[PDB]
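Trainee: please find the sequence and an experimentally derived structure below.
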Amino acid sequence: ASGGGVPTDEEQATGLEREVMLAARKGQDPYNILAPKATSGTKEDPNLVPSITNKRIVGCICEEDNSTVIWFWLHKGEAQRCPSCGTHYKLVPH
Amino acid sequence: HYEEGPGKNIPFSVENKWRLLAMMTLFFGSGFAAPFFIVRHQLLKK
Amino acid sequence: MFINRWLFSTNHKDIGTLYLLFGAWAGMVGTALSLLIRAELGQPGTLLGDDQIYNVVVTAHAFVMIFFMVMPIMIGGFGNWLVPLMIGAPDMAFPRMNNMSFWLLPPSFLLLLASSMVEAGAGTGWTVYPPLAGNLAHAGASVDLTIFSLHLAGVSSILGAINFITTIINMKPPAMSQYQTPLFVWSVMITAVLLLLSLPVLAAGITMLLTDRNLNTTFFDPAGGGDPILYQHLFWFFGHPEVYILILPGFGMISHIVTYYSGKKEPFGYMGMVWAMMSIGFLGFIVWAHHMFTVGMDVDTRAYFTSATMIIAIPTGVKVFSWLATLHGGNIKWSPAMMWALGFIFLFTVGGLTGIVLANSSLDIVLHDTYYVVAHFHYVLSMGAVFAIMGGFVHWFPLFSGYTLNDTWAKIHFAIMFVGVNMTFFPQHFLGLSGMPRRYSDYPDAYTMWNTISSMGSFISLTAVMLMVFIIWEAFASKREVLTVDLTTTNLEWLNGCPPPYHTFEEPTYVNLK
Amino acid sequence: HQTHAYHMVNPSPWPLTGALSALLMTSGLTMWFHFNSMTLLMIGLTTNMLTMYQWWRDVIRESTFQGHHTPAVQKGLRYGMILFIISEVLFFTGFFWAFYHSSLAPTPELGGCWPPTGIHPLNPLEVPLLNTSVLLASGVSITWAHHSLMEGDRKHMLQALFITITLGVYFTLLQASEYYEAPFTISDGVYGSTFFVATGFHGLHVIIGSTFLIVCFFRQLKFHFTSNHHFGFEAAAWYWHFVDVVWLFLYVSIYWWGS
Amino acid sequence: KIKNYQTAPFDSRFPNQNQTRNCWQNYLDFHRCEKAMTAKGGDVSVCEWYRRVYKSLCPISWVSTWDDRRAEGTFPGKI
Amino acid sequence: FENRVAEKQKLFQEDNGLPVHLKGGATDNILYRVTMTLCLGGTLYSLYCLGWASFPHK
Amino acid sequence: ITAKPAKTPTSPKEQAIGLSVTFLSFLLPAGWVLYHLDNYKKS
Amino acid sequence: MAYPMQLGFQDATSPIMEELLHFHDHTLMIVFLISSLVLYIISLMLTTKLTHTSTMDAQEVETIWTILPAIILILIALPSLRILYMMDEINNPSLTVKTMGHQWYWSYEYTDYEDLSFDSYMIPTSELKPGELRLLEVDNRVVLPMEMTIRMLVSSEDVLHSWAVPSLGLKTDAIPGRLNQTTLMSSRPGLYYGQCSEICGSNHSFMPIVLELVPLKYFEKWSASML
Amino acid sequence: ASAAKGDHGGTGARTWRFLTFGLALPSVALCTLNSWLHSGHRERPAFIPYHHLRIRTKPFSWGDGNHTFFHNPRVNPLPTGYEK
Ligand SMILES: CCCCCCCCCCCCCCCCCC(=O)OCC(COC(=O)CCCCCCCCCCCCCCCCC)OC(=O)CCCCCCCCCCCCCCCCC
Ligand code: HEA
Ligand code: HEA
Ligand SMILES: CCCCCC/C=C\CCCCCCCCCC(=O)O[C@H](COC(=O)CCCCCCCCCCCCCCC)COP(=O)(O)OC[C@@H](O)CO
Ligand SMILES: CCCCCCCCCCO[C@@H]1O[C@H](CO)[C@@H](O[C@H]2O[C@H](CO)[C@@H](O)[C@H](O)[C@H]2O)[C@H](O)[C@H]1O
Ligand SMILES: CCCCCCCCCCO[C@@H]1O[C@H](CO)[C@@H](O[C@H]2O[C@H](CO)[C@@H](O)[C@H](O)[C@H]2O)[C@H](O)[C@H]1O
Ligand SMILES: C[C@H](CCC(=O)O)[C@H]1CC[C@H]2[C@@H]3[C@H](O)C[C@@H]4C[C@H](O)CC[C@]4(C)[C@H]3C[C@H](O)[C@]12C
Ligand SMILES: C[C@H](CCC(=O)O)[C@H]1CC[C@H]2[C@@H]3[C@H](O)C[C@@H]4C[C@H](O)CC[C@]4(C)[C@H]3C[C@H](O)[C@]12C
Ligand SMILES: C[C@H](CCC(=O)O)[C@H]1CC[C@H]2[C@@H]3[C@H](O)C[C@@H]4C[C@H](O)CC[C@]4(C)[C@H]3C[C@H](O)[C@]12C
Ligand SMILES: C[C@H](CCC(=O)O)[C@H]1CC[C@H]2[C@@H]3[C@H](O)C[C@@H]4C[C@H](O)CC[C@]4(C)[C@H]3C[C@H](O)[C@]12C
Ligand code: CUA
Ligand SMILES: [O-][O-]
Ligand SMILES: [Cu+2]
Ligand SMILES: [Mg+2]
Ligand code: NA
Ligand code: NA
Ligand SMILES: [Zn+2]
C-alpha cells in the first residue's frame, strides 16, 4: 500500500541545514564545505579568497603531497604571497 | 559575552597577586596535604 | 556567567583549562604519595605501618599519577586546547559530551579518595589482582570504590576517545588530508583508538571482579571453576595499550617542541613518524602477556611474547633517530622547553632499552616483580611522559594564558628535577638486579645504600615540584604579555594570538586543492 | 557569525548532571552492597534518566527544530555512533574471552569437564532458538521500516517499526521467563557466572535498544524524520543490528557450543 | 612391575608448567583402579603406580579435600 | 496526528536569548531545577555517607 | 618569543615572599603529620 | 643473598643462572652502547653554529636505522630464546617438593616417600641469633640435596604469592587452584635466599625462602628426622 | 550463498515487507510452536551439595542474603537443598 506522509527536506529542513541545502542547489558554498580549486596563482591570476571580514587565514599546501601546511593571515588589499612558494592570494571580502 | 584576554580566560582571578598566592597555596597545598592526612586518618583507626 | 562558563562549558579551550588544573592538582596528590613511599623506604625498618598502609599508598600513587595526572593533562588538557586549533576547527565534534568527559573525573577521584578512607583502603597494587583484591582478603567497600573510580575514569576516556577520533577525521579543512595534519594531532588520534579498544576490556574485567566480590560469581575463583590468571589477561590486555596511551601524546608534543626550538618548519621524516606511531599502537595490542612471564605460561607462548615485544623497538627507534635528525642543522634555541625535550629523548631511550631487557622472558624470570621493573617504567614515565608534559606546559603556557614564564626560573626548575629523578631511579636498577622485590615496605639490610640514595632523590624532586608552583605564580603575578611568536607559518595554534579568542575559526581557514 | 557548517552548542548543564548521576549510581551501588541501603542508588538512577531525557531532548530541539544538523554535523554523529558500537563490541569481547577461557580448560572443581558436573543447560533448540528467530526477524522488520521511511511511506514505517519493537519486547519477556525457569543461577560457579553476566549485559542492551526504537517511534509519529534526514533512526537500527549480532555469538558460543 | 620409585617421571601428556591436570588425572586413575579392583575381588596393589604419582605431585590439601568430597558424595569427577 | 513541526521550529528559533535547554518554556526551568537539586543534594548526601563510612561503627 | 615588560612587576623581595609561602604551604602540613606519626601509631 | 652496595646479579648457583649472567652481560653491552650513542649524537647535534634548515630527504637513512635495530634485536633474541628452551628442556628429577604459599609464610611438602610437611616462617628481628640476617632467615629451612635435579611444584592456599630464589634464577607464581612446575639444581652446598614476589597483603615483605643445600645422605637423614 | 530465495532489481520497502511477513514472522511462528510443544516441567534432579555450585562468598544484598535474584523454589536449591 505505497502511500506518503513523510515530510521532505525541501518541506521541513530549517536553519543552517536549510541554508546549506539551498545554497548547494544554486551551486554556492557560503559555509565552506568544499575545498576551493587553485588558480595559477600568479600576480595576474591570484587565488581569490572570500571572507566576511578583512582578514582570513590561508593554509598553503605548496606542492602536491607536502605534509607541511604554510599558514598566514591574508589581509584586505594588495595580493600577498605564500612565504614558502610565493603563490599569490587576494582577499575578496563580502 | 564572556571576558577575553590574558587573566580573563581562567576560572580564578589574577587581579591581585597576593590573593592569587593564597588561592594557589590553598589549591596545590590541599592536594599535596591530603595523602598525609589520609595516612593519619588510617593510623588513628588501628 | 561564571557557572555558565566553567560548569556548563561547551568550549574546547576552557575545558582544556579545566583538565590542566585538575591534572596539576592530581599531580600534587601523586607527588605526596610518592614521597610517603620513599619516606617509608628511606631507612631500614618500619615508618608508617605494615604492608597494608604502605601498599594503599603505592596503589593510590599509581592510579593518581596515571588516570588523574598524565591522561587528563595530555589528552584532556593539551588535546582539547591544541587539536581543534591545529586543524583550524571551531571546536570538538561533540562539545557538550566533551564537558562530561571532564566532569566525570572529580567524581572518579572522589571515589578513589573514598576507597582509601573507608576500612583499611585498597592495598592491592594498581593491577588489583584477585584473590588479594577479592572479598575475603579485601573485605569491605575499598576495592569496590576503586573499581567504580576506574569505571568512571574509563567512561570519561572512552567518550573522549570518540570525540577526538570524530573531530580529527571529520573536522579538518576539506583540502587537508590526514597526511597534512600535525604529528601531535596524529598522536592524539592513535591514542584515542587505543583507548576505545582497550578500556572496554578493562571495564569487562573489573566488572567481573565486582560481581565476584558482590554477586557470588566466580570468574576468578577456582572454587567455582574460575581462574585468577584470567583477570590478569583481561587487565593487561588493557594495561599494555595503556602505557602506549601514556606516552603517545608525549611523542606528539616532543615532535612539535624539537621541531620548533630547532628553528625548523617541519619534523624530519613525517610519514615515518606517522608510520611509527601507528605501528607502535598496533604492536601494543599483541604483547600483553610480557606482564605474565612468571605465572606458569608454556615456553612457546613465552617465546612469542618475547619476540613480539622486542619488535616495537624498531618503530620507536625511527622516532628517536628522526628527533635527532630534526635537531641536525637546526638553529638551536636553548629554551626551557627544549631542555625538557632533550632530556626526554635520552631518558626515554634508557627506559625503553631496559624494557627490551625485560622483554626477554628468561631474564624477566629474575627481574619480574623487582625494582628493575620499577626503574624501567619510571624512566619512561617520570623522565618520559612527565618530561614531555613539562616541555609542552612551558612551551604552550604563553599561548594558553597570554603571559610569559621566567625562563631562568624554568631552567632552574628543569635542572633540579633532572638531578632529582635520576638520583631517585637510577639506583633502583641495582636494587632490581640484586633482587629487591616490588611492593615491599622494608628490605633486607644489604639494600640500604641504594634505597637511601633513592629516597634522597625523591626529596630533590619535591623541591622541583614546589618551585614549579612558585614559577606559575610568578608568571601570573608579573603579567608579562606575549607580543610576537616566531614560526607561526608552521604552528597554526599560535596564529590567533595569545590567548586566542573564546571562539576561533568562526570563519574557517582557506586551503585550496590545486 | 560563522561561515563553517559545524554546531556550536549552547552552554549546557547536562554534562555535569550526568557526571553527578554517575557518582550517585556508583556510590549508591557501594551503599547497597555494603551498607544495606538503596537510597543513593535510587537518586542516581533518577538523575541519570532525567539527564538522558533532557540531553537527547535538546539534541532533537537542535536538529529537527533549529536546523543545526548540516551534512557535516550528521557525518560526525555517524562516526560517533560507529565508534560507540565498536567500544561496546570490545566490552562484550571481554566476557566472551572469560567464557572461552573457563570452558576450554575446565578445572578439577568443575569435574574437569564442560558443562560442569551438576549443571543442566537449557535446551538450545527450545526458547533460545525461538529468541534467535525473534531477533533475526526484527532485523528484517527494521530494514523494512528503514526502506519505508526513505520511500516516504509513513504508515508502513510505523507498522514495521512497531513490529520490530514488539519483537524486542517478546525477546525480553522470553528471556525473563527463561531466567526464572533456569535451574542454574548466577552463583552456580563459572557456568552460571558467564551465562548470566554475558546474557545479562546483552539483555540490558536489548532493553536500551528497544527504548531507542520506541523513541524513534514517537518521533516518527510526530513527523520529525524526513525521507532523507533521520539519523536517530539509523543509529537505533545500527545499534539494533549490533544487539542481534551479539545474540548470535552468544547463542552459538554459550547456548549451543557450550551445552 | 618393579619399583625403585624415586619421583613421578616426566609425562608427555603434561609437558608444561601447569601440572594441575597431572595431579588430577593420577588421582582419578588411582581411585578408579581401586574401585575396579575392590569390587571384582582383586588387589589394589595393581593401582600402586597411580597412587605413588598422585601422592608425589598433589598438594596434601587437595588430596584431603578430594577425599572428603568423595566421602560426602560431592566429588565432581567420575570414578 | 498532524505535522506540527513548523510550530516547534518557530518556538525554538524565537530570538529570545534562551539556551536550548530552557527554550521550551517554564516547564524546562522546573525540570532543570528538579534535576540539579537532586544531583547536588544527592552529592552532598554521598559526602555525608563517606563521612559515616570512613569511621568504624562497632 | 617577545613580550611586554611586566604590567605588575614582581620584585626580588616579592618573589622571596611568594617562594617562601609556596614552600611552607607544602612543607608545614606534611611536616606536622610526620612529626606526630609516633603519636598516631602509638594510638 | 644480596650484599651491601651490590650493583648486579647475585652470583650464579645453578648452570641456568650462569647462562643468564652471560646473556645479561651481552644485552647490557648493547644497552650501554645504544644509550651512549644516542647521548653522543644529541651532543653532536647541539654543538655547532652551522645550520641546514631546508627540507631533508628521509628515505635512505631510514633504511639504516630500521635495518640496524632489526639486526640488533635478532642478536639479542637468538641467545635469549636458546636459554628459554634450554631452561625448558627435559631433565628427569630425582625428587619432587611442593611449596604452598600462605598469608604470610610458606609450607613445604616432600611426599615422594613419606608424608613430610612443615611451615617456614620468618625469624622476627627481635629473635635473630647473632650474625643472622634481618627479614631473611626462617625457622625451618627447605633442606635439599645438592648436585641433583629437583622438581619444585608451587601453589597457594589463599591469595597470590610468588616463590623466588634469585641466585638459582627461580621465580614461579603461587596461584590457588594451580600447580606450577619449575626445576632447581644447585651446583654447590650452602644457603640460598629469596623473598615472596607477588603482593599478598600485610606481611608480603616478611615471608622469605631459605634453601639449604647439602649432600644427599644428609638430606635423607634430615628428611627421616622431620617425619 | 545466494540462500535459496532470489528477488532484486532495485531493493525496496516492498521486498523487505515481503521478507518480514513471508519468511521472518513465519519462522518465528514455527519456533513458537516448537517451543510450546517442548515446554512442560522436567523432573528436578536429586540435590547434591557440590562445592562449585550455590556459591556464597558474601550474602546477596537483598532478601535473606541467601536467595539468588530470580530464585525459583521449584528448580533452584539453596546451599542446604530444595526449600520445603
Ligand atoms: C643514565 C641516567 C643518567 C645517569 C644517572 C646517575 C649517573 C650515575 C652514573 C651512571 C652513568 C652510566 C653508567 C652506568 C653503569 C654504572 C654502574 C655499573 O658499573 O653497572 C654494572 C651492572 C652490573 O655489573 C656487575 O655486576 C659488575 C660490578 C662491577 C663493580 C665495579 C665497582 C664500581 C664502583 C661503584 C659504582 C657506583 C655506582 C654509582 C651510583 C649512581 C647513583 C646515582 O649494573 C647495571 O647493569 C646497572 C644497569 C643500568 C641500566 C641502564 C643503562 C643506562 C646507561 C646510560 C649511560 C649513557 C652514557 C653514560 C653517561 C651518563 C651521564 C648522564
Ligand atoms: C610510558 C610508559 C611505558 C612505555 C612507553 C613502556 C615501553 C616498553 N616496555 Fe614497559 N612498562 C611500563 C610502562 C611503559 N613501558 C609500566 C608502567 C610497566 C609495569 C606495570 C606494572 O607491573 O605495574 C612496564 C612493564 C614492562 C614489562 C613487564 C616487566 C615485568 O613486570 O616483569 C615489560 C616486559 O617486556 C616491558 C617492556 C617494554 C618495552 C619493550 C617497551 C618498548 O615500547 C620500548 C621501546 C623503546 C626503545 C627500545 C628505545 C628507543 C629505541 C632506539 C634508540 C632504537 C634502537 C634500540 C634497540 C635496537 C633495542 N614493560
Ligand atoms: C605517570 C606515572 C608515575 C609517575 C609520574 C611516578 C612518579 C614517582 N614514583 Fe611511581 N609508580 C607508578 C607510576 C608513576 N610514578 C606506578 C604505575 C607504580 C606501580 C604501582 C604498583 O606497584 O601497583 C609506581 C611505583 C613506585 C614505586 C614502587 C613502590 C613499590 O614497589 O613498593 C616507587 C618507589 O620509589 C615510586 C616512586 C615515585 C617517585 C619518587 C616519583 C616521582 O618522580 C614523582 C615526582 C614528581 C613529579 C613527577 C611531578 C608530578 C606532577 C605533575 C607532572 C603535575 C604538573 C603540573 C602542571 C604541568 C601544571 N613509584
Ligand atoms: C557502575 C555503573 C557506572 C555507570 C557510569 C555512567 C556514567 C555516565 C553517566 C552517563 C549519562 C549520559 C547522559 C547522556 C549523554 C548523551 C551523549 C550524546 O548523545 O553525545 C552525542 C555525541 O556522542 C555520540 O553521538 C555517540 C556516543 C553516545 C554515548 C552515550 C552515553 C554512553 C554512556 C555510557 C558509555 C559506556 C561505554 C561503555 C563501553 C564499555 C552528541 O554530543 P553533544 O556534544 O551532546 O552534541 C553535539 C550537537 O551537535 C548535537 O546536536
Ligand atoms: C562519594 C563517596 C561516597 C562513598 C560511599 C560509601 C558507602 C556509603 C553508604 C553509607 O551510608 C550510611 O550507612 C549507614 C548504615 O546503613 C547508615 O546508618 C544507619 O545505620 C546505622 C548503624 O546501624 C545507625 O546508627 C543509624 O540508625 C542508621 O542511620 C547511615 O545513615 C548511612 O548514611
Ligand atoms: C615529605 C614532605 C614533608 C617534608 C619535610 C617537611 C619539613 C618540615 C617542615 C616543618 O614542619 C613543622 O616542623 C615543626 C618541627 O620543626 C613542627 O612543630 C612541632 O615541633 C615543634 C618543635 O619541637 C613544636 O614547637 C610544635 O608545637 C610541634 O608541632 C610542625 O608541626 C611542622 O609543621
Ligand atoms: C594468551 C592467550 C590465552 C589467554 C587465556 O588463557 O585466556 C593465548 C590464546 C591463543 C594463543 C596464541 C595461539 O595459540 C597462537 C600462537 C601459538 C604459539 O605456540 C605461541 C604464540 C601464539 C600467538 C599463542 C600465544 C598465546 O598463548 C595465546 C594468545
Ligand atoms: C495514527 C497513525 C496514523 C498515521 C498518521 O498519524 O497520519 C497509525 C498508522 C500506523 C499505526 C500503528 C501501526 O499500524 C502499528 C500498530 C498496529 C496495532 O494494531 C495498533 C498500534 C500500532 C502502533 C498502530 C497505531 C496507529 O493506528 C498508527 C500509528
Ligand atoms: C541554577 C542553580 C544550580 C547551581 C549549581 O549548578 O551549583 C539552582 C537553580 C534552582 C536551584 C534549586 C532549587 O530551585 C531551590 C533549592 C533551595 C535553595 O534556594 C537553593 C538550593 C536548591 C536545592 C537549589 C539547588 C540549585 O542551587 C538550583 C538548581
Ligand atoms: C609508503 C609509506 C608512505 C610513503 C608516502 O606516501 O609518503 C612509507 C612511510 C614510512 C615508510 C616505512 C618507514 O620509513 C620504515 C621502514 C624503512 C625501510 O627503509 C623500508 C620499510 C619501512 C617500513 C618503510 C616502508 C615505506 O616506505 C613507508 C611505510
Ligand atoms: Cu606472600 Cu607476597
Ligand atoms: O607495559 O610496558
Ligand atoms: Cu606491557
Ligand atoms: Mg608478579
Ligand atoms: Na620501611
Ligand atoms: Na537512512
Ligand atoms: Zn605555498
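Mentor: Nice, thanks for sending it over. Residues are numbered from 1 along each chain as shown, chains lettered A, B, ... in the order given. Ligands and ions are numbered 1, 2, ... in the order given.
Trainee: alpha carbons only for contacts and neighbour counts from here, please
Mentor: Noted.
Trainee: need the longest helix for the chain.
Mentor: As the question left the chain open, I've gone with chain A. Criterion DSSP state H: the longest helix present in chain A is helix A:15-25.
Trainee: that was the other one, I meant chain G.
Mentor: Among the segments of chain G that qualify as a helix by DSSP H, the longest is helix G:12-35.
Trainee: just chain I next, same as before
Mentor: Under DSSP H, chain I gives helix I:25-38 as its longest helix.
Trainee: mind giving me the packing neighbours of it?
Mentor: With contacts taken as 3 or more Cα pairs under 8 Å, 6 or more residues apart in numbering or on different chains; DSSP states H and E, helix I:25-38 sits against helix D:127-150.
Trainee: does the helix it packs on reach chain A?
Mentor: Yes. Counting by Cα under 8 Å from any Cα of the partner chain, contacts between helix D:127-150 and chain A involve residue D:149.
Trainee: is that helix positioned near chain I?
Mentor: Yes. Interface with chain I: helix D:127-150 contributes D:127, D:129-130, D:133-134, D:136-137, D:140-141, D:143-148 (Cα under 8 Å from any Cα).
Trainee: nearest to residue A:16, of those?
Mentor: Among the residues of helix D:127-150 next to chain I, residue D:146 lies closest to residue A:16 (Cα to Cα), at 25.5 Å.
Trainee: my guess is the closest one contacts residue D:159. True?
Mentor: No. Using Cα atoms under 8 Å, residue D:146 is not in contact with residue D:159; the gap is 11.3 Å.
Trainee: ok, the residue in chain I positioned nearest to ligand 3 - contacts?
Mentor: Closest contact between chain I and ligand 3, by Cα to the nearest ligand atom, is at residue I:57 (25.6 Å). Counting by Cα atoms under 8 Å, 6 or more residues apart in numbering or on different chains, residue I:57 touches C:135, C:136, C:213, C:216.
Trainee: dihedrals phi and psi, the residue positioned nearest the centre of chain E?
Mentor: With distances taken as Cα atoms, centre = their mean, the residue of chain E nearest its centroid is residue E:27 (2.2 Å). Note on residue E:27: backbone dihedrals following degrees, to the nearest 10 are phi -60, psi -50.
Trainee: spatially nearest residue to residue C:345, not counting backbone neighbours?
Mentor: In space, and not counting its chain neighbours, residue C:345 is closest to residue C:320: 6.7 Å by Cα to Cα, 6 or more residues apart in numbering or on different chains.
Trainee: now that neighbour: which helix or strand?
Mentor: Assigned by DSSP states H and E, residue C:320 belongs to helix C:313-327.
Trainee: quick check: next helix or strand after that helix?
Mentor: Downstream of helix C:313-327, the first helix or strand assigned by DSSP H and E is helix C:336-359.
Trainee: show me what contacts the closest residue to ligand 10 within the stretch 1-150 of chain D?
Mentor: Residue of the stretch 1-150 of chain D nearest ligand 10, by Cα to the nearest ligand atom: residue D:79 (25.2 Å). By Cα under 8 Å, 6+ apart, residue D:79 lies in contact with residue C:166.
Trainee: the residue minimising distance to the centre of chain I and residue D:248: what is the separation?
Mentor: With distances taken as Cα atoms, centre = their mean, chain I has residue I:35 as the residue nearest its mean C-alpha position (10.2 Å). Distance, residue I:35 to residue D:248, by Cα to Cα, to the nearest Å: 18 Å.
Trainee: so which pair among the contacts of residue I:57 is furthest apart in space?
Mentor: Greatest spacing in the contacts of residue I:57, by Cα to Cα: C:136 and C:216 (11.9 Å).
Trainee: returning to that earlier point: isn't the residue nearest to the centre of chain E right up against residue E:50?
Mentor: Yes. Contact status for residue E:27 versus residue E:50: in contact at 7.0 Å, counting by Cα under 8 Å.
Trainee: contact partners for residue C:426?
Mentor: By Cα under 8 Å, 6+ apart, the residues touching residue C:426 are C:375, C:454.
Trainee: show the backbone phi and psi for it.
Mentor: Backbone geometry at residue C:426, expressed as degrees, to the nearest 10, gives phi -60, psi -40.
Trainee: for residue F:55, phi and psi?
Mentor: phi -120, psi 150.
Trainee: over to residue H:194?
Mentor: phi -150, psi 180.
Trainee: what's the burial count for it?
Mentor: Per other Cα atoms under 10 Å in any protein chain shown, the neighbour tally for residue H:194 reads 25.
Trainee: the nearest residue to the residue nearest to the centre of chain E once chain neighbours are set aside: which element?
Mentor: Leaving aside its sequence neighbours, residue E:27 sits nearest to residue E:54 (Cα to Cα, 6+ apart; 5.4 Å). Counting by DSSP H and E, the element that carries residue E:54 is helix E:48-57.
Trainee: got the contact list for the helix or strand that that helix is followed by?
Mentor: Elements were assigned by DSSP H and E; along the chain past helix E:48-57, the next helix or strand is helix E:60-72. By Cα under 8 Å, 6+ apart, the list of residues contacting helix E:60-72 from outside reads E:75, H:109.
Trainee: what's the answer for stretch H:24-31, then?
Mentor: Identification of contacts with stretch H:24-31 by Cα under 8 Å, 6+ apart yields C:350, C:353, C:354, C:357, C:363, H:76.
Trainee: repeat that for stretch E:9-16.
Mentor: With Cα under 8 Å, 6+ apart as the test, stretch E:9-16 has contacts from C:297, C:298, C:299, E:21, E:22, H:90, H:92, H:93, H:181.
Trainee: can you give me the domain boundaries for chain H?
Mentor: Following CATH domains of a matching chain, one gets these domains for chain H: H:2-91, H:92-227.
Trainee: out of the residues of helix D:127-150 next to chain I, which is nearest to residue G:19?
Mentor: residue D:146 (66.6 Å).
Trainee: tell me who's in contact with the closest residue to chain A within chain H.
Mentor: For chain H and chain A, the shortest gap (Cα to the nearest Cα) falls at residue H:55, measuring 10.2 Å. Going by Cα under 8 Å, 6+ apart, residue H:55 touches residue C:266.
Trainee: how far away is it from residue D:253?
Mentor: Counting by Cα to Cα, the gap from residue H:55 to residue D:253 is 56 Å.
Trainee: and residue 54, how many neighbours?
Mentor: Let's take chain A. The burial count for residue A:54: 14, using other Cα under 10 Å.
Trainee: try chain I instead
Mentor: Neighbours of residue I:54 under the rule other Cα under 10 Å: 27.
Trainee: what strand or helix carries it?
Mentor: Using DSSP H and E, residue I:54 falls outside every helix and strand.
Trainee: does it touch residue I:81 like I think?
Mentor: No. Using Cα under 8 Å, residue I:54 is not in contact with residue I:81; the gap is 9.7 Å.
Trainee: got phi/psi on residue C:328?
Mentor: The phi/psi pair for residue C:328 (degrees, to the nearest 10) is phi -50, psi 120.
Trainee: now for the longest helix of chain G, which elements pack on it?
Mentor: helix B:17-43, helix C:448-478.
Trainee: can you name the residue of the stretch 151-259 of chain D nearest to chain F?
Mentor: For the stretch 151-259 of chain D, Cα to the nearest Cα, closest residue to chain F: residue D:223, 5.7 Å.
Trainee: give me the neighbour count for the nearest residue to that residue once chain neighbours are set aside.
Mentor: Once flanking residues are discounted, residue D:223 sits nearest to residue F:3: 5.7 Å by Cα to Cα, 6+ apart. When neighbours are defined as other Cα under 10 Å, residue F:3 has 13 of them.
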